[PDB]
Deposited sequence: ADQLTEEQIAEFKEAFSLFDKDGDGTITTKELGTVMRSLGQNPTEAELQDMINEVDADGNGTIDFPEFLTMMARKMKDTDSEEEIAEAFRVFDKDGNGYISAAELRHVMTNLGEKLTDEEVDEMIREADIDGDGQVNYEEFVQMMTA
């Protein structure tokens, strides 16, 4: 079901634990939409309603496979393009390379120096092209 990264599983684990209000290692459907929203995957009415029908409680392995199914729907192409966009104050599609070091390495799951150097390869470098590469 799940080809997820170490980091995704760390995140979904803490999130599951937090919204497991009684510590029995299962969440109710009450919480499911709110927890889903917390992980960037706010569901439609129907998708949330479909998940609710499938059922009371949901353990953590069942969660790691609901999440993968919703993740398949996501266009990588768009979800990555809308992220880079934040760093584009203007509509130029241009960001700075001296900078993008000081972003990737100072925020989130921070990149290592080797990873930052490896990225700068692929004065300035534009984002709209970079997504087309992958």
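Gaps in the coordinates relative to the deposited sequence fall at 56-60, 128-133, 146-147.
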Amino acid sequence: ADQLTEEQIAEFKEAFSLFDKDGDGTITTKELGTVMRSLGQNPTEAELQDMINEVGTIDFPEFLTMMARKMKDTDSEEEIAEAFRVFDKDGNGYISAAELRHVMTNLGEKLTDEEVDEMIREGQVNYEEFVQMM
From here on, numbers count along this sequence of modelled residues.
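Look at the C-alpha B-factors of 14-22 and of 107-115. On average they run higher in 107-115. 96-104 and 60-68 differ in mean CA B-factor, and the higher of the two is recorded for 96-104.
Sort the modelled residues of the chain by CA B factor and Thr34 lands in the lowest third. Among all modelled residues in this chain, the alpha-carbon of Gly40 has a temperature factor (C-alpha) in the lowest third.
In this PDB entry, the Cα temperature factor of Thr28 sits in the bottom third of its chain's modelled residues, the lowest group.
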